[PDB]
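Enquirer: Attaching a single structure in structure tokens format; questions to follow.
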Ligand SMILES: Nc1ncnc2c1ncn2[C@@H]1O[C@H](COP(=O)(O)OP(=O)(O)OP(O)(O)=S)[C@@H](O)[C@H]1O
Ligand SMILES: *[C@H](C[C@H](O)Nc1ccc(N2C(=O)C[C@@H](*)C2=O)cc1)C(=O)O
Ligand SMILES: [Ca+2]
Ligand SMILES: [Mg+2]
Ligand SMILES: [Mg+2]
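Chains as they are written, first to last, in the UniProt record's numbering: chain A, 14 to 155; chain B, 3 to 155; chain C, 5 to 23, 27 to 200, 210 to 406, 410 to 562, 569 to 624, 642 to 697, 704 to 726, 734 to 835.
Here is the structure:
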């Protein structure tokens, strides 16, 4: 979490159009419109209450540290997969991990199943959980 | 009966099987016998059925207040002493030295009694490491010892 | 000893020397060819011991069970086989067989005296031999019939009792030949010292007679005995033969006029017409062809190794020395040749209506001369019988052509009767008898395709001897019941055998019926088939077949069930001779005839006694059994028909019946330790005791241990099953071993999956958080 902060501010400048110090409820509808699919009214409104008080940056880095609490190391994650790859292939036969989720531990529910594999780096029946974890949260690019 | 600490060996293992077939608070009947083994036991096939149990995963899900009373049974049933096994195997040893030919082992383990699985036997060997001499025979006595012992000596 | 000229009656030399044996590799296995075969186990895969045929070095497979256990080259060609470590259904063959191919022909093997037919007159009977077996006991001199008598001699003299000497086997097994040699032996030893016999040659010579009258060449062999015999030799205080007396039984009377095929009517007929006594033909009006007389020219007319000529010449001399006279001797043949012509009295289906008619007269007339009486009264009363009810009758074509086939028959029988009678007279010396020895020779049970009254007899008569041997065999145990001291006075066996004997002869039995159902001409075979089933149907235990024919009721006998057919039984039970003839002949000129027809309603009434006699006489004679066996149907010596011998064995002494079973305490270890897997007798001692063994099903002995009924079998199951349950616990144990091994990972992965499954389940929620998208949206 350090260098990320430096990149955070960058994410703070773009949002803060008028540089009104903060992210006015309007500063959001800003870049988003000038950039994407502007969220619904309430979507915006109830998007601020997520933070205790008027968001400067500290409150910006705040609401962002919560949704990143239980982040098991990329290693523990990639090492959690290979725990099934009893052959050191850094890979899993798709139909495997597939059934290994939808029917194991907690019934990966249908929906959550799809939304995942949608981008699944699968190829040739294989499944590089390595590159997938590297993508699930981590190295790669921004 | 059983001891709280003993059941702690059942509680810990149960929530571990119900987990693999989905945490719903119920374990697959067929998977039941394979569970009871996780407690220093070796109940017979027929027996494991005498207390519920199934084959294809999808017959009955057992909960707990019912899973336990089942262990209560497959606990007053017969275990094979070093003797029994020895006396049995002997009923296949003609020479005397106490050696059993190769094929035969993989044969008796399948043919007679209750064949279990080509793989299995091939695993029980590849595992507890039993090597055939340079003729074609293994001293069963020395084998049956390894099985009785357990994978973790 | 040495080696005089013992070359056959002795298991000569050192073939016992050079060369290779294991209680396992070597053993006996089934074989469609030569019975069983020697092999070398080359691999064991559970219930299918794989072996290899040592002969052609082949490699077949045989189930553990079916395998047989081979004896070591020690007991090779043993004598009293009882000594073999192995005396099973296969071990017996290897020995006896190797012996037959050596011309050994003798093995006492246990308590018997087995002897296979050689089919080649052996030299092992010379006086040198006879003498070599004088007084000798039985455990030093090589095994042979002889000694079987020398022992049956001192086991007599010294025992002040009586000795019987039965000879079992099948037909042609060679009994009515060894019975001869046993007679000859007793002759050549204990002696008493133009015209007559030497009272040896008086007995020994009395053979070709009853043989050339009772023995006929039948498909089986060539000198088959068609009549029972029980010669008894008496002994005086000086332990010397003082008396003889023969005893015949059921004779094949239907043979007199019929020979299905490849058979010859009773010998004499074939020799009377051989022209052996040219100066006699014109005394029987016989001209020799015996291919010319319908009555004996049916079957084959000349067996291959029998020279009727000498067979007759000798048969001639026999009578002389036997104590006969010109008359007697001649008279005999006369009534003998008579029958020959008696079957040459052609007849005519006369009335174009259906009546009585003479065809020629020239022949028949000749018969009237031989027998005596006038052809007139004869051919006359032969066609117009006169036998009232205290009137005259009329016979048809059959009632006459089928009439002679009664006269002539009934004659031979009567003749034979007087024949033996005559003989037993010339050799009954009213001397001083003290104890008699005795041999009995009569083919045993027989189960033809179509069983008739005659069969009922032969079988019945044979099933009475069984209760004898079977009884004198129970004693032999109630003696090794003591050696092992257990006294099984908890057995009521032996009566089940009295289910046929009793029934078959009791005052209400079949013989009692067919013997009374004649006291009235109402001989309706239908009124018989009923009356029988009106008294013995569904009460007791006796009532499809291939190539088998017609039958009315069976009889759970011993060697099997004989489907009897009472069809035309009554008339067969006696002589349907036109009394017109009888009385007529009963006044003839020839003494033989008259006496044969001079003046107990017959033949159940002759056998229900003759047998009672024999039996109630044997049960007073210490027995000496001898079993004969036929090597081959080809009757050519040197060969052994595997399946053949084997069979003949499972009827005699291969033991047994429904007695207990005994098993050495040593062996008991291996096939029964496993039933209580938790030395000797001591070992088992507890097992059963702890097994709560119904304590009435056993009696522990000193040699070994005894069980009651097929229980060892009852146990065997407790094994085959239990033993398997062990394998189960093991395999089940193997399963309980694997799981453990994986339980580490089965629990280790638990956390592994819980990692991903929860990491992603928390990753998506993030990719669906307004802010984040916003952040990623801005990733400049
Ligand atoms: N010991 C022997 N030595 C030489 N040839 C023998 C011997 N025993 C039997 N044979 C021959 O086999 C024949 C038939 O034997 P028999 O003694 O007549 O038979 P069997 O046992 O009396 O027959 P059954 O039971 O009355 S049909 C004899 O006539 C001989 O040719
Ligand atoms: C031999 C016929 C033959 O070999 N078969 C049988 C022999 C014995 C038996 N037994 C017994 O011995 C007792 C009861 C029984 O069934 C049956 C068949 C012959 O010709 O004597
Ligand atoms: Ca579950
Ligand atoms: Mg701003
Ligand atoms: Mg005979």
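For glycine and all other residues, C-beta sits at the position ideal for the given N, C-alpha and C.
1) Based on Cα-Cα distance, which residue from C:265, C:175, C:55, C:167 lies nearest to residue 648 (chain C)?
2) Between which residues of its own chain and residue 114 (chain A) is the CB-CB distance below 6 Å, once the five residues before and five after are set aside?
3) Would you verify that the beta carbon of residue 11 (chain C) is, or is not, closer than 7 Å to some beta carbon of chain B?
4) Given a cut-off of 7 Å, decide if residue 481 (chain C) and residue 504 (chain C) are closer than it, judged by their beta-carbon atoms.
5) Residue 98 (chain C): beta carbon under 6 Å from a heavy atom of ligand 5?
6) Kindly provide the ranges of any beta strand (DSSP E) runs that are 3 or more residues long and lie completely inside the stretch 432-496 of chain C, ordered along the chain.
7) Could you check whether the Cβ of residue 155 (chain B) sits closer than 7 Å to any Cβ belonging to chain C?
8) Output, in sequence order along the chain, the residues in the stretch 803-815 of chain C whose CB is closer than 9 Å to any CB in chain A.
9) Within the continuous beta strand (DSSP E) that includes residue 35 (chain C), where are the two ends?
10) Given 8 Å as the limit, is there contact between the stretch 316-324 of chain C and the stretch 265-280 of chain C, that is, 3 or more CB pairs closer than that?
11) At a cut-off of 6 Å, is residue 240 (chain C) close to ligand 7 when judged by its beta-carbon and the heavy atoms of the ligand?
12) Taking just the CA atoms, how far does residue 155 (chain C) sit from residue 459 (chain C)?
13) For ligand 1, is there a heavy atom less than 6 Å away from the beta-carbon of residue 481 (chain C)?
14) DSSP on residue 148 (chain C), reduced to helix/strand/coil?
15) Against chain C, with Cβ distances strictly below 7 Å, would residue 132 (chain A) count as a contact?
16) From the DSSP output, in three-state form, read off residue 152 (chain A) for me.
17) Give me the chain A residues within the contact set of residue 830 (chain C), using Cβ-Cβ distance strictly less than 7 Å, ordered along the chain.
18) Give the interface partners of residue 490 (chain C) over in chain B, defined as CB-CB distance under 9 Å, in chain order.
19) Which residues of chain B have a Cβ atom closer than 9 Å to the Cβ of residue 117 (chain A), listed in chain order?
20) Whose C-beta lies closer than 6 Å to the C-beta of residue 716 (chain C) among residues of the same chain, with five residues either side of it excluded?
21) Distance, Cα to Cα, residue 63 (chain B) vs residue 44 (chain A)?
22) Give, in chain order, every unbroken run of the alpha helix (DSSP H) that is at least 4 residues long and sits entirely within the stretch 286-325 of chain C.
23) Which one or two residues does DSSP pair with residue 29 (chain B) in a beta bridge?
24) Would you report the Cα separation of residue 150 (chain A) and residue 808 (chain C), rounded to the nearest angstrom?
25) Just to confirm, does residue 30 (chain A) get its C-beta within under 6 Å of one of the non-hydrogen atoms of ligand 4?
26) From residue 659 (chain C) to residue 483 (chain C), what distance separates their C-alpha atoms?
27) From the DSSP output, which residues share a beta bridge with residue 731 (chain C)?
28) Please list the partners that residue 49 (chain C) has in chain B, where partner means a Cβ-to-Cβ separation under 9 Å.
29) Which one or two residues does DSSP pair with residue 261 (chain C) in a beta bridge?
30) Here's the rule I'm using: 16 or more other beta-carbon atoms within 10 Å means buried, otherwise exposed. How should residue 18 (chain C) be labelled?
31) According to a CB-to-CB cut-off of less than 9 Å, which residues of the UniProt domain "IQ" (778-805) of chain C neighbour chain A?
32) Can you list the residues of chain C that residue 74 (chain A) reaches, using a CB-CB cut of under 8 Å?
33) Can you check whether the C-beta of residue 57 (chain B) is within less than 7 Å of a C-beta belonging to chain C?
34) Given a cut-off of 7 Å, decide if residue 41 (chain B) and residue 11 (chain B) are closer than it, judged by their beta-carbon atoms.
35) Going by the C-beta, is residue 693 (chain C) closer than 6 Å to any heavy atom of ligand 2?
36) What's the C-alpha gap between residue 56 (chain B) and residue 90 (chain B)?
Expert: Walking through what the data contain:
1) C:265
2) 121
3) no
4) no
5) no
6) 454-459
7) no
8) 803, 804, 805, 806, 807, 808, 809, 810, 811, 812, 813, 814, 815
9) 33-38
10) yes
11) As presented, the structure is devoid of ligand 7, carrying ligand 1, ligand 2, ligand 3, ligand 4 and ligand 5 as its sole ligands.
12) 14 Å
13) no
14) coil
15) no
16) coil
17) 24
18) Per Cβ cutoff of 9 Å: no residues; residue 490 (chain C) is ~41 Å from chain B at best.
19) 21, 22, 23, 24
20) 739
21) 54 Å
22) 294-297
23) B:64
24) 17 Å
25) yes
26) 13 Å
27) Chain C lacks the residues between 726 and 734, and residue 731 (chain C) is one of those with no coordinates.
28) Per Cβ cutoff of 9 Å: no residues; residue 49 (chain C) is ~11 Å from chain B at best.
29) C:248
30) exposed
31) 800, 803, 804, 805
32) Under the 8 Å cutoff, chain C gives no residues; its nearest Cβ is about 11 Å from residue 74 (chain A).
33) no
34) yes
35) yes
36) 29 Å
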